[PDB]
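Asks: Got a structure for you, written out below as structure tokens; questions coming shortly.
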Amino acid sequence: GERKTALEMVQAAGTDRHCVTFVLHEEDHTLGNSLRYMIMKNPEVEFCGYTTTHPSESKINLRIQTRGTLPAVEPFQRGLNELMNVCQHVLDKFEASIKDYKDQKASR
Amino acid sequence: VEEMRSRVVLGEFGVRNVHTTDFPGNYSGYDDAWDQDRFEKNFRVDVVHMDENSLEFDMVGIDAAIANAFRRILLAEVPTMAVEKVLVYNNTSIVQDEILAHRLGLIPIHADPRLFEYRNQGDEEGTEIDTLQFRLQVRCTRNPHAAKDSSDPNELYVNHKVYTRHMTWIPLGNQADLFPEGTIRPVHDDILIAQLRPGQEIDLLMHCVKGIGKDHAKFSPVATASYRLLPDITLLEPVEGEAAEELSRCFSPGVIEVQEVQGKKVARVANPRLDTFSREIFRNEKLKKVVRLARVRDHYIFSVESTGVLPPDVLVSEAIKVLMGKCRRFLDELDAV
Amino acid sequence: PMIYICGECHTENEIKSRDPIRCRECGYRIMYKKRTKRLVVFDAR
Amino acid sequence: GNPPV
Amino acid sequence: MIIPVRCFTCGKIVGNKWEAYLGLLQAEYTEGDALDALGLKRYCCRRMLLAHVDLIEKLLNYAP
Ligand SMILES: [Zn+2]
Ligand SMILES: [Zn+2]
């Protein structure tokens with residue numbers, strides 16, 4: 001949707017699909033670090049690292065280098081999905097716990 | 001041949017390691033590919049305290065990256081409403097105009113930011129959709145009914161001190177419906193805005209817009225939202241005989257509960273969570289060898305304290321939803337190619 | 001109706017062209033202009 | 001101090 | 001000059017505890033007990049009231 005508040009991908013020297021650098025705009029260490037943690041769980045990626053280009057700017061660079069087969073854009077799109085699944089589960093669990101505690105406290 | 005899977009051990013001259021050994025390939029067999037069911041099974045949230053303006057849930061079984069993401073969302077990405085523009089018709093106060101505008105920006109408004117929207121760039125006017133307007137108009141006069149006294153409230157006082165009570169909401173559009181009479185108001189009615197002397201007057205219109213605590217702190221919805229790993233304390237040896245009390249004094253007082261099992265006194269670790277890391281045992285030179293204090297690996301303790309705009313549990317919910325929104329925005333922008 | 005407050009008398013004097021700049025009800029020689037109601041816009045940052 | 005009783 | 005509205009480090013709102021602080025000190029309470037009875041736990045907030053110098057009361061004494 002947004003042509004540049006979001007993704008700009010730079011395929012490496014030789015446009016290796018297995019080595020991509022994603023530029024994520026308007027992002028700081030929050031999403032960078034959580035998404036790097038979620039992408040490291042994939043045994044098909046050999047190098048994942050994020051970095052902020054400069055303090056004045058608001059953008060991060062992820063670097064995903066996967067193994068021989070997959071195009072390194074599936075690891076990214078799967079780390080996103082797993083992180084969103086974890087957030088949904090945490091939200092459900094937290095709301096259920098808050099409700100249970102409110103009941104336990106309002107009864108007594 | 002000794003594994004310690006769950007604690008961050010620690011001495012005095014420094015902590016031992018910075019790892020958690022719960023990632024892919026991090027062990028011979030204890031390898032990871034993000035089993036989602038193992039997460040959903042080992043995760044649990046326990047909410048300790050929940051007054052109004054406080055929460056202290058546990059959030060057991062999550063990594064430091066996700067916990068830090070949640071903490072940084074509450075401080076800088078959950079949206080709030082706050083004064084952005086100030087129109088000053090007259091101001092004969094001692095407090096300057098720019099300083100008054102600043103002081104007015106840092107006052108928290110009780111409007112819920114989820115019913116509003118962001119003003120488009122260059123939308124100076126604003127509309128019922130994105131803005132709330134309030135008016136402070138106060139003048140100080142001597143009270144005619146006063147004797148020869150010197151208390152500032154009794155004399156020289158109709159409005160000596162301008163408070164947040166004096167600020168009145170001007171319903172901008174159809175906002176009178178939607179918002180009942182007392183719903184849109186400043187959160188605190190006692191915040192001292194200025195001081196006046198007879199003949200001095202303040203008269204202004206404040207405009208409150210939506211925004212996140214990232215582009216200015218005034219829009220931030222929590223005092224602090226930090227977290228701390230659950231401490232762990234282990235008595236390697238049975239402490240007894242008046243060394244138990246010296247042990248119980250080298251810690252926050254509730255942590256080591258000295259029972260009396262026999263005629264002698266035994267110290268026991270009653271509640272490890274109360275401990276503040278002060279490392280005062282390490283000055284004892286005889287009991288630094290008896291106790292090992294470390295941190296539990298992925299067992300956190302959170303503490304969210306809102307200013308009063310939204311309840312803390314709603315704040316945490318909206319933080320988790322903001323992280324989900326980031327993830328979904330990037331998923332859907334990826335799907336755009 | 002340009003008003004000026006005296007320095008220590010605090011009497012509203014209106015002065016013009018061609019007239020001296022002393023104050024009535026006293027004789028001081030310093031007079032501060034007055035703040036009228038005019039709209040100014042400030043940002044709360 | 002101590003998650004809910 | 002006047003009480004800061006929010007503590008600078010945290011952002012906690014301390015601009016409504018000035019008169020309450022002054023009232024608990026007139027009642028005989030130490031500055032420690034007084035800052036405790038107001039809810040100022042962490043010392044970043046406690047320094048915001050403990051070391052405040054109200055100079056709006058000395059500027060509000062020269063003629064209008
Ligand atoms: Zn005069
Ligand atoms: Zn503070």
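Chain identifiers are assigned as A, B, and so on, following the order in which chains appear in the structure tokens; residues are numbered from 1 within each chain, and ligands are numbered from 1 in order of appearance.
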Would you mind listing what lies within 6 Å of residue C:31 as a ChimeraX atom specification, with only C-alpha atoms counted and same-chain residues fewer than 5 positions away left out?
Replies: /C:4-7
Asks: Around ligand 1, at most 6 Å away and counting only C-alpha atoms and all ligand atoms, which residues are there? Put them as number ranges by chain, please.
Replies: C: 6, 9-11, 23-26
Asks: Any residue with an atom at most 12 Å from ligand 2 counts, using only C-alpha atoms and all ligand atoms. Which are they? Put them as a VMD selection string.
Replies: (chain B and resid 222 to 224 305) or (chain E and resid 4 to 15 39 to 49)
Asks: When you look at stretch 45-55 of chain B with a cut-off of 12 Å (counting only C-alpha atoms), what residues show up, excluding the ones that are within fewer than 4 positions of it in the same chain? I need them as a short mmCIF file (atom, residue, chain, number, x, y, z; two decimals) with N, CA, C and O atoms, in the first residue's frame.
Replies:
data_model
loop_
_atom_site.label_atom_id
_atom_site.label_comp_id
_atom_site.auth_asym_id
_atom_site.auth_seq_id
_atom_site.Cartn_x
_atom_site.Cartn_y
_atom_site.Cartn_z
N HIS A 89 -1.57 -15.00 20.70
CA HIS A 89 -1.69 -15.92 21.83
C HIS A 89 -1.44 -15.20 23.15
O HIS A 89 -2.15 -15.45 24.14
N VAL A 90 -0.44 -14.32 23.19
CA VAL A 90 -0.17 -13.57 24.41
C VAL A 90 -1.36 -12.69 24.77
O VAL A 90 -1.73 -12.56 25.94
N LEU A 91 -1.99 -12.07 23.77
CA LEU A 91 -3.15 -11.23 24.02
C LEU A 91 -4.30 -12.05 24.61
O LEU A 91 -4.91 -11.65 25.61
N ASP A 92 -4.61 -13.18 23.98
CA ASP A 92 -5.67 -14.04 24.51
C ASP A 92 -5.38 -14.45 25.95
O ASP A 92 -6.24 -14.35 26.83
N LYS A 93 -4.16 -14.92 26.20
CA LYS A 93 -3.82 -15.42 27.53
C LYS A 93 -3.89 -14.30 28.57
O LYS A 93 -4.40 -14.51 29.68
N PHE A 94 -3.41 -13.11 28.22
CA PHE A 94 -3.40 -12.00 29.16
C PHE A 94 -4.81 -11.53 29.47
O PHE A 94 -5.14 -11.25 30.63
N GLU A 95 -5.67 -11.44 28.45
CA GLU A 95 -7.05 -11.03 28.71
C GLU A 95 -7.78 -12.06 29.57
O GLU A 95 -8.53 -11.70 30.48
N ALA A 96 -7.55 -13.35 29.30
CA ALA A 96 -8.18 -14.38 30.12
C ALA A 96 -7.71 -14.29 31.57
O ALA A 96 -8.51 -14.42 32.50
N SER A 97 -6.41 -14.06 31.77
CA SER A 97 -5.89 -13.96 33.13
C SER A 97 -6.45 -12.74 33.86
O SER A 97 -6.80 -12.82 35.04
N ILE A 98 -6.52 -11.60 33.17
CA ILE A 98 -7.09 -10.40 33.79
C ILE A 98 -8.54 -10.64 34.18
O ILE A 98 -8.97 -10.25 35.27
N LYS A 99 -9.32 -11.25 33.28
CA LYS A 99 -10.71 -11.54 33.61
C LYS A 99 -10.81 -12.45 34.83
O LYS A 99 -11.62 -12.21 35.73
N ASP A 100 -9.99 -13.50 34.87
CA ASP A 100 -10.05 -14.44 35.99
C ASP A 100 -9.70 -13.74 37.30
O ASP A 100 -10.33 -13.99 38.34
N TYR A 101 -8.69 -12.87 37.28
CA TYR A 101 -8.29 -12.18 38.50
C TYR A 101 -9.36 -11.18 38.93
O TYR A 101 -9.65 -11.05 40.13
N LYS A 102 -9.95 -10.46 37.98
CA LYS A 102 -11.04 -9.55 38.31
C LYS A 102 -12.18 -10.31 38.99
O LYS A 102 -12.74 -9.84 39.98
N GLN A 104 -12.01 -13.32 40.62
CA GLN A 104 -11.55 -13.78 41.93
C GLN A 104 -11.54 -12.65 42.95
O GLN A 104 -11.77 -12.90 44.14
N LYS A 105 -11.28 -11.42 42.52
CA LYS A 105 -11.18 -10.31 43.47
C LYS A 105 -12.55 -9.69 43.75
O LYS A 105 -12.80 -9.22 44.86
N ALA A 106 -13.44 -9.68 42.76
CA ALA A 106 -14.76 -9.10 42.96
C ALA A 106 -15.66 -10.02 43.77
O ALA A 106 -16.52 -9.55 44.51
N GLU B 40 2.83 -22.20 23.26
CA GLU B 40 1.49 -22.11 23.82
C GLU B 40 1.31 -22.98 25.05
O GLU B 40 0.36 -22.76 25.82
N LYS B 41 2.18 -23.96 25.27
CA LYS B 41 2.08 -24.80 26.46
C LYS B 41 2.90 -24.26 27.63
O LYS B 41 2.47 -24.35 28.78
N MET B 59 3.96 -12.78 33.14
CA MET B 59 4.42 -13.05 31.78
C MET B 59 5.58 -14.06 31.78
O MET B 59 6.70 -13.78 31.37
N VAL B 60 5.26 -15.27 32.24
CA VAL B 60 6.24 -16.34 32.37
C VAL B 60 6.41 -17.05 31.03
O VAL B 60 5.43 -17.43 30.38
N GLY B 61 7.67 -17.23 30.62
CA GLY B 61 7.97 -18.06 29.47
C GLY B 61 8.06 -17.36 28.13
O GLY B 61 7.63 -17.91 27.11
N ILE B 62 8.62 -16.15 28.11
CA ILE B 62 8.80 -15.40 26.87
C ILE B 62 10.23 -14.87 26.83
O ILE B 62 10.88 -14.72 27.87
N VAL B 187 -7.73 14.68 33.40
CA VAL B 187 -7.73 13.53 34.36
C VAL B 187 -7.62 14.02 35.80
O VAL B 187 -8.26 13.43 36.69
N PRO B 221 1.30 7.31 27.36
CA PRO B 221 0.25 6.99 28.31
C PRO B 221 0.58 6.33 29.64
O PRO B 221 -0.34 6.09 30.34
N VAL B 222 1.85 6.10 29.95
CA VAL B 222 2.28 5.35 31.16
C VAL B 222 3.37 6.11 31.89
O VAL B 222 4.16 6.73 31.20
N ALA B 223 3.36 6.15 33.23
CA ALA B 223 4.50 6.67 33.97
C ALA B 223 5.74 5.86 33.66
O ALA B 223 6.72 6.38 33.09
N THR B 224 5.73 4.58 34.00
CA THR B 224 6.75 3.65 33.55
C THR B 224 6.11 2.30 33.26
O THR B 224 5.09 1.95 33.86
N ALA B 225 6.71 1.56 32.34
CA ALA B 225 6.21 0.25 31.94
C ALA B 225 7.32 -0.79 31.96
O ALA B 225 7.27 -1.78 31.24
N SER B 226 8.33 -0.58 32.80
CA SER B 226 9.50 -1.44 32.80
C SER B 226 9.14 -2.86 33.25
O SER B 226 8.01 -3.15 33.65
N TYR B 227 10.12 -3.76 33.20
CA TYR B 227 10.00 -5.16 33.65
C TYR B 227 11.31 -5.56 34.30
O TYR B 227 12.27 -4.84 34.15
N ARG B 273 10.91 -13.12 45.19
CA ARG B 273 10.47 -12.01 44.32
C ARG B 273 10.66 -10.64 44.95
O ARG B 273 10.79 -9.67 44.20
N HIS B 299 11.43 -15.75 33.08
CA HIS B 299 10.33 -15.42 33.97
C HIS B 299 10.44 -13.94 34.33
O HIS B 299 11.32 -13.55 35.11
N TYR B 300 9.56 -13.13 33.77
CA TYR B 300 9.60 -11.69 33.93
C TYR B 300 8.59 -11.23 34.97
O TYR B 300 7.76 -12.00 35.46
N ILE B 301 8.70 -9.96 35.32
CA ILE B 301 7.72 -9.26 36.14
C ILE B 301 7.53 -7.88 35.54
O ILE B 301 8.50 -7.12 35.42
N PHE B 302 6.31 -7.58 35.13
CA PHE B 302 5.98 -6.30 34.52
C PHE B 302 5.29 -5.40 35.52
O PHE B 302 4.74 -5.86 36.52
N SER B 303 5.32 -4.10 35.24
CA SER B 303 4.66 -3.12 36.10
C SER B 303 4.29 -1.93 35.24
O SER B 303 5.16 -1.15 34.84
N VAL B 304 3.00 -1.78 34.94
CA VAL B 304 2.50 -0.70 34.11
C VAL B 304 1.69 0.24 34.99
O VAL B 304 0.81 -0.21 35.73
N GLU B 305 1.99 1.53 34.91
CA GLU B 305 1.28 2.56 35.67
C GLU B 305 0.84 3.65 34.71
O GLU B 305 1.68 4.40 34.20
N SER B 306 -0.46 3.73 34.46
CA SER B 306 -0.95 4.72 33.52
C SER B 306 -1.11 6.08 34.20
O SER B 306 -1.23 6.18 35.42
N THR B 307 -1.11 7.13 33.38
CA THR B 307 -1.34 8.47 33.90
C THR B 307 -2.80 8.67 34.29
O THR B 307 -3.09 9.45 35.20
N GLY B 308 -3.72 7.99 33.62
CA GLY B 308 -5.13 8.10 33.93
C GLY B 308 -6.00 8.17 32.69
O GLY B 308 -7.23 8.25 32.80
N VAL B 309 -5.38 8.14 31.52
CA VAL B 309 -6.14 8.21 30.28
C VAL B 309 -6.88 6.91 30.02
O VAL B 309 -8.07 6.91 29.67
N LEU B 310 -6.20 5.78 30.18
CA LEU B 310 -6.78 4.46 30.00
C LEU B 310 -6.35 3.57 31.15
O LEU B 310 -5.33 3.83 31.80
N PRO B 311 -7.12 2.52 31.45
CA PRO B 311 -6.71 1.57 32.49
C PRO B 311 -5.49 0.79 32.07
O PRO B 311 -5.22 0.65 30.87
N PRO B 312 -4.72 0.26 33.02
CA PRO B 312 -3.47 -0.43 32.65
C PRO B 312 -3.70 -1.67 31.80
O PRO B 312 -2.96 -1.89 30.83
N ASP B 313 -4.68 -2.50 32.14
CA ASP B 313 -4.93 -3.70 31.34
C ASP B 313 -5.28 -3.35 29.91
O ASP B 313 -4.83 -4.02 28.96
N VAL B 314 -6.08 -2.30 29.71
CA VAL B 314 -6.39 -1.85 28.36
C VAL B 314 -5.13 -1.36 27.67
O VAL B 314 -4.96 -1.54 26.46
N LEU B 315 -4.23 -0.73 28.43
CA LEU B 315 -2.96 -0.29 27.85
C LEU B 315 -2.16 -1.47 27.34
O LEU B 315 -1.62 -1.44 26.23
N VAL B 316 -2.05 -2.53 28.14
CA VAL B 316 -1.28 -3.70 27.72
C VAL B 316 -1.93 -4.36 26.51
O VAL B 316 -1.25 -4.81 25.58
N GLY D 1 4.80 -8.60 44.85
CA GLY D 1 4.77 -9.22 46.19
C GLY D 1 4.42 -10.69 46.13
O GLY D 1 5.16 -11.49 46.75
N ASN D 2 3.37 -11.05 45.38
CA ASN D 2 2.91 -12.46 45.30
C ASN D 2 1.68 -12.58 44.36
O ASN D 2 0.65 -12.11 44.92
N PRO D 3 1.75 -12.94 42.99
CA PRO D 3 0.67 -13.12 42.01
C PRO D 3 -0.61 -13.46 42.78
O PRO D 3 -0.51 -13.87 43.92
N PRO D 4 -1.82 -13.34 42.19
CA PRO D 4 -3.07 -13.50 42.95
C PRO D 4 -3.26 -14.80 43.75
O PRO D 4 -2.93 -15.86 43.24
N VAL D 5 -3.77 -14.67 44.98
CA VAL D 5 -4.01 -15.85 45.85
C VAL D 5 -5.02 -16.77 45.17
O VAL D 5 -4.70 -17.94 44.93
N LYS E 12 5.81 10.96 35.53
CA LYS E 12 4.72 10.81 36.51
C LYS E 12 4.26 12.21 36.78
O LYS E 12 5.08 13.09 36.67
#
Asks: Go ahead and compute the interatomic distance for atom CA of residue A:27 and atom CA of residue A:52, in Å to one decimal.
Replies: 8.9 Å
Asks: Could you give me, as an NGL selection string, each residue of stretch 125-174 of chain B that DSSP assigns to strand (DSSP E or B) when run on this structure's backbone?
Replies: :B and (132-139 or 161-162 or 167-170)
Asks: Produce a file of the selected residues containing C-alpha atoms, as a PDB file, in the first residue's frame.
Replies:
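Final output, out.pdb:
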ATOM      1  CA  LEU B 132     -11.020  18.278  21.279  1.00  0.00           C
ATOM      2  CA  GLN B 133     -11.065  22.005  22.365  1.00  0.00           C
ATOM      3  CA  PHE B 134     -10.941  23.228  26.011  1.00  0.00           C
ATOM      4  CA  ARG B 135     -11.055  26.854  27.359  1.00  0.00           C
ATOM      5  CA  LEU B 136      -9.359  28.328  30.477  1.00  0.00           C
ATOM      6  CA  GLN B 137     -10.678  31.848  31.236  1.00  0.00           C
ATOM      7  CA  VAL B 138      -9.894  33.025  34.809  1.00  0.00           C
ATOM      8  CA  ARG B 139      -9.427  36.524  36.394  1.00  0.00           C
ATOM      9  CA  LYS B 161      -4.447  29.705  41.820  1.00  0.00           C
ATOM     10  CA  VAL B 162      -5.607  28.493  38.356  1.00  0.00           C
ATOM     11  CA  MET B 167     -10.590  24.224  32.085  1.00  0.00           C
ATOM     12  CA  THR B 168     -13.974  23.785  30.350  1.00  0.00           C
ATOM     13  CA  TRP B 169     -14.664  21.518  27.333  1.00  0.00           C
ATOM     14  CA  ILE B 170     -16.206  23.310  24.315  1.00  0.00           C
TER      15      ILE B 170
END
Asks: Mind dumping a table of every chain A residue within 6 Å of chain B, with the nearest atom pair and its distance in Å to one decimal, using only C-alpha atoms, sorted by chain and rising number, as CSV?
Replies:
residue,atom,partner,partner_atom,distance
A:30,CA,B:69,CA,4.8
A:34,CA,B:65,CA,5.2
A:41,CA,B:33,CA,4.9
A:42,CA,B:33,CA,5.4
A:80,CA,B:327,CA,5.7
A:84,CA,B:324,CA,5.3
A:94,CA,B:45,CA,5.8
Asks: List the spatial neighbours of residue A:76 as a ChimeraX atom specification - criterion: any atom at most 12 Å away, only C-alpha atoms, same-chain residues fewer than 2 positions off excluded.
Replies: /A:7,9,18-22,24,32,35-42,44-45,47-49,62-66,70-74,78-83 /B:327,330-331,334-335
Asks: Just to be explicit: take each residue in the selection above, keep N, CA and C atoms, and write the result as a compact mmCIF listing (two decimals), in the first residue's frame.
Replies:
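Listed below is the output, out-v8.txt:
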# COMPACT_ATOMS: atom_id res chain seq x y z
N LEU A 7 8.39 -1.48 2.70
CA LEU A 7 9.53 -2.33 2.30
C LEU A 7 10.25 -1.88 1.04
N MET A 9 13.54 -3.72 -1.03
CA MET A 9 14.41 -4.90 -0.85
C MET A 9 15.63 -4.71 -1.73
N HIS A 18 18.90 -15.59 -2.26
CA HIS A 18 19.21 -16.24 -0.97
C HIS A 18 19.93 -15.27 -0.05
N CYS A 19 20.12 -14.03 -0.45
CA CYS A 19 20.77 -12.98 0.36
C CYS A 19 20.06 -11.68 0.06
N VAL A 20 19.16 -11.27 0.94
CA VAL A 20 18.37 -10.07 0.73
C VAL A 20 18.53 -9.13 1.92
N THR A 21 18.43 -7.84 1.64
CA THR A 21 18.45 -6.78 2.65
C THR A 21 17.14 -6.01 2.53
N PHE A 22 16.28 -6.15 3.53
CA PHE A 22 15.01 -5.44 3.56
C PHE A 22 15.17 -4.14 4.33
N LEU A 24 13.05 -1.45 6.23
CA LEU A 24 11.76 -1.25 6.87
C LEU A 24 11.72 0.15 7.44
N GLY A 32 12.44 -4.55 14.73
CA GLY A 32 13.70 -5.12 14.30
C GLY A 32 14.11 -6.30 15.16
N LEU A 35 11.51 -9.31 15.35
CA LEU A 35 11.45 -10.04 14.09
C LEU A 35 12.74 -10.80 13.83
N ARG A 36 13.88 -10.25 14.25
CA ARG A 36 15.13 -10.99 14.14
C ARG A 36 15.12 -12.20 15.06
N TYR A 37 14.56 -12.07 16.26
CA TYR A 37 14.41 -13.23 17.13
C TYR A 37 13.50 -14.28 16.51
N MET A 38 12.43 -13.85 15.84
CA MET A 38 11.52 -14.82 15.25
C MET A 38 12.06 -15.46 13.98
N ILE A 39 12.96 -14.78 13.27
CA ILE A 39 13.49 -15.33 12.03
C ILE A 39 14.66 -16.26 12.30
N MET A 40 15.31 -16.11 13.45
CA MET A 40 16.41 -16.99 13.83
C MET A 40 15.96 -18.39 14.19
N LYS A 41 14.67 -18.59 14.47
CA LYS A 41 14.15 -19.91 14.80
C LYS A 41 13.99 -20.80 13.58
N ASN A 42 14.19 -20.26 12.39
CA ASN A 42 14.02 -21.03 11.16
C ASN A 42 15.32 -21.72 10.81
N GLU A 44 16.29 -22.88 8.17
CA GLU A 44 16.64 -22.69 6.77
C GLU A 44 17.34 -21.37 6.51
N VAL A 45 17.57 -20.56 7.54
CA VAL A 45 18.29 -19.30 7.41
C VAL A 45 19.65 -19.46 8.06
N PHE A 47 21.95 -16.66 8.17
CA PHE A 47 22.39 -15.41 8.78
C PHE A 47 21.23 -14.42 8.80
N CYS A 48 20.82 -14.00 9.99
CA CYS A 48 19.82 -12.95 10.15
C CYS A 48 20.38 -11.87 11.05
N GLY A 49 20.34 -10.63 10.59
CA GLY A 49 20.79 -9.52 11.42
C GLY A 49 20.14 -8.23 11.00
N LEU A 62 17.13 -5.18 7.71
CA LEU A 62 17.30 -6.60 7.96
C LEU A 62 18.13 -7.23 6.86
N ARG A 63 18.93 -8.20 7.24
CA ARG A 63 19.74 -8.97 6.31
C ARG A 63 19.43 -10.44 6.57
N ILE A 64 18.84 -11.10 5.59
CA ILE A 64 18.55 -12.53 5.66
C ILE A 64 19.31 -13.23 4.55
N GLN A 65 20.17 -14.16 4.93
CA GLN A 65 20.88 -15.05 4.02
C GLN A 65 20.45 -16.46 4.38
N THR A 66 19.67 -17.07 3.50
CA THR A 66 19.13 -18.40 3.72
C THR A 66 20.04 -19.43 3.06
N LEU A 70 15.64 -21.83 -0.65
CA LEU A 70 14.54 -20.88 -0.53
C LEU A 70 15.01 -19.45 -0.78
N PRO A 71 14.10 -18.58 -1.22
CA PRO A 71 14.50 -17.26 -1.71
C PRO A 71 14.64 -16.19 -0.64
N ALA A 72 14.69 -16.59 0.63
CA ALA A 72 14.98 -15.65 1.71
C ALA A 72 13.88 -14.61 1.89
N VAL A 73 12.83 -14.67 1.07
CA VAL A 73 11.65 -13.86 1.30
C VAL A 73 10.54 -14.66 1.96
N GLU A 74 10.67 -15.98 2.03
CA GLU A 74 9.78 -16.85 2.79
C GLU A 74 10.17 -16.84 4.26
N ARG A 78 7.56 -15.60 7.04
CA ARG A 78 7.18 -16.59 8.03
C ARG A 78 7.53 -16.15 9.44
N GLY A 79 8.63 -15.41 9.61
CA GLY A 79 8.90 -14.80 10.89
C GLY A 79 7.84 -13.78 11.26
N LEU A 80 7.37 -13.01 10.28
CA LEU A 80 6.27 -12.09 10.54
C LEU A 80 5.04 -12.84 11.05
N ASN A 81 4.67 -13.93 10.37
CA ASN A 81 3.48 -14.67 10.74
C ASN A 81 3.63 -15.31 12.11
N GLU A 82 4.80 -15.87 12.41
CA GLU A 82 4.99 -16.48 13.72
C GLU A 82 4.98 -15.44 14.83
N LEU A 83 5.56 -14.26 14.58
CA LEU A 83 5.51 -13.20 15.58
C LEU A 83 4.08 -12.74 15.82
N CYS B 327 3.24 -6.05 12.63
CA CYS B 327 3.46 -7.28 11.89
C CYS B 327 2.52 -7.40 10.70
N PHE B 330 3.39 -5.03 7.78
CA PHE B 330 4.50 -5.49 6.95
C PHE B 330 4.15 -6.75 6.17
N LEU B 331 3.34 -7.65 6.74
CA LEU B 331 2.86 -8.79 5.97
C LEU B 331 2.08 -8.35 4.75
N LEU B 334 4.27 -6.81 2.13
CA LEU B 334 4.98 -7.86 1.41
C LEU B 334 4.07 -8.53 0.39
N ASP B 335 2.83 -8.83 0.79
CA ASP B 335 1.87 -9.42 -0.13
C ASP B 335 1.54 -8.49 -1.30
Asks: Can you list, as a list in words, all residues belonging to stretch 4-63 of chain E that DSSP tags as alpha helix (DSSP H)?
Replies: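 Answer for stretch 4-63 of chain E, restricted to alpha helix (DSSP H): residues 18, 19, 20, 21, 22, 23, 24, 25, 26, 31, 32, 33, 34, 35, 36, 37, 43, 44, 45, 46, 47, 48, 49, 50, 56, 57, 58 and 59 of chain E.
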Asks: Mind listing as a PyMOL selection string which residues of chain E are within 12 Å of chain C, counting only C-alpha atoms?
Replies: chain E and resi 62-64
Asks: Would you work out the distance separating atom CA of residue B:264 from atom CA of residue B:289, expressed in Å to one decimal?
Replies: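 Value for the atom CA of residue B:264-atom CA of residue B:289 distance: 21.1 Å.
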Asks: Nearest residue to chain D out of B:82, B:90, B:275, B:283, using only C-alpha atoms?
Replies: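 Comparing B:82, B:90, B:275, B:283 against chain D, the winner is B:275.
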Asks: Pick from B:120, B:200, B:174, B:6: nearest to chain C, with only C-alpha atoms counted?
Replies: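 For chain C, the nearest of the given residues is B:200.
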